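Enquirer: Residue numbers (the UniProt record's numbering), protein chains in the order written: chain A, 146 to 193; chain F, 818 to 865.
Each residue gets a CB set at the ideal place from its N, CA and C atoms; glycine is no exception.
#1: Excluding five sequence neighbours on each side, which residues of the same chain lie with their C-beta closer than 7 Å to the C-beta of residue 837 (chain F)?
#2: Cβ closer than 8 Å: which chain A residues qualify as neighbours of residue 821 (chain F)?
#3: What does residue 819 (chain F) pair with, by DSSP beta-bridge criteria?
#4: Of the choices A:148, A:157, A:150, whose alpha-carbon is the least far from that of residue 181 (chain A)?
#5: Please list the terminal residues of the continuous alpha helix (DSSP H) segment that includes residue 844 (chain F).
#6: What does a CB cutoff of less than 8 Å around residue 149 (chain A) pick up in its chain, not counting 5 residues either side in sequence?
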């Protein structure tokens, strides 16, 4: 429905799916094809 | 927390005469009519 971006889908999987899948029966390592959201502080050197 | 998610453990039992299966089936029915984003699961003796 084009309400969630690539970065938004990656967060939801990382935050609400990955942990449970990684603890699932017979599952070894789990690799996220993306990244979980973090609080990004994009600094401006001119304003600093 | 249960399986890495916020939870609240609820104890209980079947009334005189009725079995554990019937009591659990009703809890599953009552749990389905709860607000959006509220799930459930069985643990300990109920898991077995």
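Expert: Based on what the coordinates show:
#1: 831.
#2: Going along chain A in sequence order, the residues near residue 821 (chain F) (Cβ under 8 Å) are 164, 165, 168.
#3: Note: residue 819 (chain F) sits in a beta bridge opposite F:822.
#4: Ranking the options by Cα distance to residue 181 (chain A), first place goes to A:157.
#5: Element bounds for residue 844 (chain F): 837-849.
#6: Within the same chain, 157 come within 8 Å of residue 149 (chain A) by CB-CB distance, once the 5 residues on both sides are set aside.
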